[PDB]
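Novice: Just so it is clear, I am handing over run_32.cif, which has mmCIF, C-alpha atoms.
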data_final
loop_
_atom_site.label_atom_id
_atom_site.label_comp_id
_atom_site.auth_asym_id
_atom_site.auth_seq_id
_atom_site.Cartn_x
_atom_site.Cartn_y
_atom_site.Cartn_z
CA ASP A 1 -8.96 -22.95 2.00
CA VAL A 2 -5.61 -21.90 3.34
CA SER A 3 -6.47 -18.58 4.83
CA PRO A 4 -3.99 -16.80 7.13
CA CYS A 5 -5.59 -14.89 9.94
CA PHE A 6 -4.93 -11.29 10.57
CA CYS A 7 -5.85 -9.26 13.61
CA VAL A 8 -6.07 -5.52 14.00
CA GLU A 9 -6.97 -3.50 17.01
CA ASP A 10 -9.95 -1.69 15.73
CA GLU A 11 -11.32 1.35 17.43
CA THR A 12 -14.46 1.09 15.33
CA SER A 13 -15.28 -2.40 16.62
CA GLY A 14 -13.92 -1.30 19.96
CA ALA A 15 -11.46 -4.12 20.27
CA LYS A 16 -9.06 -6.39 18.48
CA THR A 17 -10.86 -8.08 15.72
CA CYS A 18 -9.49 -10.68 13.42
CA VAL A 19 -10.37 -12.44 10.21
CA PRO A 20 -11.36 -15.08 11.21
CA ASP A 21 -12.38 -13.23 14.33
CA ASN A 22 -10.52 -13.99 17.53
CA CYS A 23 -8.35 -16.56 15.74
CA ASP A 24 -5.79 -15.14 18.11
CA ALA A 25 -7.39 -16.50 21.24
CA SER A 26 -8.05 -19.92 19.99
CA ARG A 27 -5.72 -22.23 18.05
CA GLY A 28 -7.39 -21.49 14.77
CA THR A 29 -4.90 -18.83 13.91
CA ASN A 30 -2.91 -20.52 11.13
CA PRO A 31 -4.25 -23.13 8.67
#
Written as structure tokens, how would this file's structure read?
Specialist:
Amino acid sequence: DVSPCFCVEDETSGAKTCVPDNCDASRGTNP
């Protein structure tokens, strides 16, 4: 479905994680 990605810099994961993960690295950021 149309699912906007969101990234947060998470200290718990130890890095920037996104949903979907690392959408902001690839071109799969926006649907």
Novice: Which residues would end up in the selection if the PyMOL selection byres ((chain A and resi 1) around 12) were applied here, given that I need the answer as a list in words?
Specialist: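 Applied to this file, the PyMOL selection byres ((chain A and resi 1) around 12) returns residues 2, 3, 4, 5, 30 and 31 of chain A.
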Novice: Box along x, y and z, 3 Å on every side, all listed atoms of region 21-25 of chain A inside: centre and edge lengths in Å to one decimal, as lines of an AutoDock Vina configuration file.
Specialist:
center_x = -9.1
center_y = -14.9
center_z = 17.8
size_x = 12.6
size_y = 9.3
size_z = 12.9
Novice: Decode the PyMOL selection byres ((chain A and resi 29) around 10) for the given file into explicit residues and return them as a ChimeraX atom specification.
Specialist: /A:3-7,18-28,30-31
Novice: Complete the atom set of region 8-26 of chain A to N, CA, C and O atoms and return it as a tab-separated table (two decimals), keeping the file's coordinate frame.
Specialist:
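Result went into rebuild06.tsv, see below:
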chain	number	residue	atom	x	y	z
A	8	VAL	N	-6.32	-6.95	13.91
A	8	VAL	CA	-6.07	-5.52	14.00
A	8	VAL	C	-6.82	-5.03	15.22
A	8	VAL	O	-7.88	-5.58	15.56
A	9	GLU	N	-6.30	-4.05	15.88
A	9	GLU	CA	-6.97	-3.50	17.01
A	9	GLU	C	-7.80	-2.37	16.49
A	9	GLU	O	-7.29	-1.30	16.12
A	10	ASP	N	-9.08	-2.60	16.40
A	10	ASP	CA	-9.95	-1.69	15.73
A	10	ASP	C	-10.75	-0.87	16.69
A	10	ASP	O	-11.49	-1.41	17.53
A	11	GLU	N	-10.62	0.42	16.58
A	11	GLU	CA	-11.32	1.35	17.43
A	11	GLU	C	-12.80	1.40	17.06
A	11	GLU	O	-13.65	1.68	17.90
A	12	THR	N	-13.10	1.08	15.81
A	12	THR	CA	-14.46	1.09	15.33
A	12	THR	C	-15.27	-0.09	15.93
A	12	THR	O	-16.40	0.08	16.37
A	13	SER	N	-14.65	-1.26	15.99
A	13	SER	CA	-15.28	-2.40	16.62
A	13	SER	C	-15.13	-2.29	18.14
A	13	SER	O	-15.91	-2.85	18.89
A	14	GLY	N	-14.12	-1.56	18.56
A	14	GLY	CA	-13.92	-1.30	19.96
A	14	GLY	C	-12.94	-2.25	20.59
A	14	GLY	O	-12.68	-2.17	21.79
A	15	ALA	N	-12.36	-3.11	19.77
A	15	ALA	CA	-11.46	-4.12	20.27
A	15	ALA	C	-10.69	-4.73	19.12
A	15	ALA	O	-10.89	-4.35	17.95
A	16	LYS	N	-9.81	-5.64	19.45
A	16	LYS	CA	-9.06	-6.39	18.48
A	16	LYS	C	-9.99	-7.34	17.77
A	16	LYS	O	-10.65	-8.16	18.39
A	17	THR	N	-10.06	-7.22	16.50
A	17	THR	CA	-10.86	-8.08	15.72
A	17	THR	C	-9.95	-8.76	14.72
A	17	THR	O	-8.88	-8.22	14.36
A	18	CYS	N	-10.31	-9.93	14.32
A	18	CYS	CA	-9.49	-10.68	13.42
A	18	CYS	C	-10.34	-11.20	12.29
A	18	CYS	O	-11.57	-11.07	12.31
A	19	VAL	N	-9.70	-11.76	11.30
A	19	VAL	CA	-10.37	-12.44	10.21
A	19	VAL	C	-9.60	-13.74	9.95
A	19	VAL	O	-8.48	-13.69	9.40
A	20	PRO	N	-10.11	-14.93	10.41
A	20	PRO	CA	-11.36	-15.08	11.21
A	20	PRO	C	-11.25	-14.44	12.59
A	20	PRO	O	-10.17	-14.38	13.19
A	21	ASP	N	-12.37	-14.02	13.11
A	21	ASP	CA	-12.38	-13.23	14.33
A	21	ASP	C	-11.97	-14.02	15.54
A	21	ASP	O	-12.41	-15.16	15.74
A	22	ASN	N	-11.09	-13.41	16.34
A	22	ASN	CA	-10.52	-13.99	17.53
A	22	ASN	C	-9.80	-15.31	17.28
A	22	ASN	O	-9.74	-16.17	18.16
A	23	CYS	N	-9.22	-15.44	16.08
A	23	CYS	CA	-8.35	-16.56	15.74
A	23	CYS	C	-7.15	-16.56	16.70
A	23	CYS	O	-6.56	-17.59	17.01
A	24	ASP	N	-6.84	-15.37	17.16
A	24	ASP	CA	-5.79	-15.14	18.11
A	24	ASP	C	-6.42	-15.05	19.47
A	24	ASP	O	-6.73	-13.97	19.99
A	25	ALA	N	-6.73	-16.23	19.96
A	25	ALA	CA	-7.39	-16.50	21.24
A	25	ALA	C	-7.59	-17.98	21.32
A	25	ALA	O	-7.45	-18.61	22.37
A	26	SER	N	-7.88	-18.52	20.19
A	26	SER	CA	-8.05	-19.92	19.99
A	26	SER	C	-6.82	-20.45	19.24
A	26	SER	O	-5.83	-19.72	19.08
